[PDB]
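A structural walkthrough
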Amino acid sequence: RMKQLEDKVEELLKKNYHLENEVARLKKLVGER
Amino acid sequence: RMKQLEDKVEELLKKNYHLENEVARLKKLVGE
């Protein structure tokens, strides 16, 4: 279970980083409009 | 440490949902 929980933290951190990248991209578009 | 890791998953999930909501709203704003 400890390894599974560690893996899930790592998974969510990567999902979150993807979303942060999307938010940056969209904020750039917002600025341009 | 099991419990502390569970708490971290929970914090990262709430953050995930916050960012998902933010992406959706920014997308609707810009017509994507």
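Note that residue numbers begin from 1 in each chain and follow the written sequence, not necessarily the entry's scheme, while residues that lack coordinates are absent from the view. Going through the entries in the order they are written, you letter the chains from A and number the ligands from 1. Side-chain metrics rest on all non-hydrogen atoms present in the structure, leaving aside hydrogens and water. Residues with missing side-chain atoms are left out of burial classes, side-chain pairs and their counts.

Header annotation of the entry names X-ray crystallography as the structure determination method and lists the resolution as 2.000 Å.

Let us now look at the overall build of chain A. Put simply, DSSP marks the helices as runs of H or I at least four residues long and the strands as runs of E at least two long, and each gets a number from the N terminus on. When you go through chain A residue by residue, the secondary structure sums to one helix and zero strands. In terms of its C-alpha atoms, chain A occupies a principal-axis envelope of roughly 50 × 5 × 5 Å.

Time to look at the interface of chain A and chain B. Accessible area lost upon the coming together of the parts is a frequently used measure of interface size. Each partner contributes residues to the interface: chain A has 20 residues there, and chain B has 19 residues. Each residue is assigned to one class: nonpolar for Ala, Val, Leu, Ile, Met, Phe, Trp, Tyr, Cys and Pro, charged for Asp, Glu, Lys and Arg, and polar for all the others, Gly among them. Here the residues of the side of chain A that touches chain B are counted per class, giving ten nonpolar, one polar and nine charged. It only takes one pair of heavy atoms within 4.5 Å for two residues to be counted as in contact.

Moving on to the nonpolar core. Throughout, nonpolar core names a set of buried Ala, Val, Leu, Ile, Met, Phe, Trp, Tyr and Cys residues whose side chains join them through atoms within 4.5 Å. Throughout, exposure labels follow a simple rule: accessible area from a 1.4 Å probe, protein chains only, divided by the maximum for the residue type, with under 20% read as buried, over 50% as exposed, and the rest as partly exposed. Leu19, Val23 and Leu26 of chain A together with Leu19, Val23, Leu26 and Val30 of chain B together form the largest nonpolar core, which totals seven residues. Among the secondary structure elements, those contributing two or more residues to this core are α1 (2-32) of chain A together with α1 (2-30) of chain B. Considering each element in turn, this core owes the most residues, four residues, to α1 of chain B. Excluding residues that lie within four positions of it along the chain, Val23 of chain A makes contacts with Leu19, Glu22, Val23 and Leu26 of chain B. One finds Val9 of chain A together with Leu5, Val9 and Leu12 of chain B within the second-largest nonpolar core, a separate group that totals six residues.

Here we come to the pattern of salt bridges. Take a side-chain nitrogen of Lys or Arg and a carboxyl oxygen of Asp or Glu: if they are within 4 Å of each other, that pair is a salt bridge. Applying the stated criterion across every chain, the model contains six salt bridges over all chains. Among the salt bridges present, the one from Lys8 of chain B reaches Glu11 of chain B, with a minimum N-O distance of 2.5 Å. Of this pair, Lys8 of chain B and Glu11 of chain B are both found in helix α1, three residues apart, which corresponds to roughly one turn of the helix. Residue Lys8 of chain B is classed as partly exposed on the basis of its relative accessible area of 34%. The network of salt bridges with shared partners includes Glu22 and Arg25 of chain A together with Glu32 of chain B.

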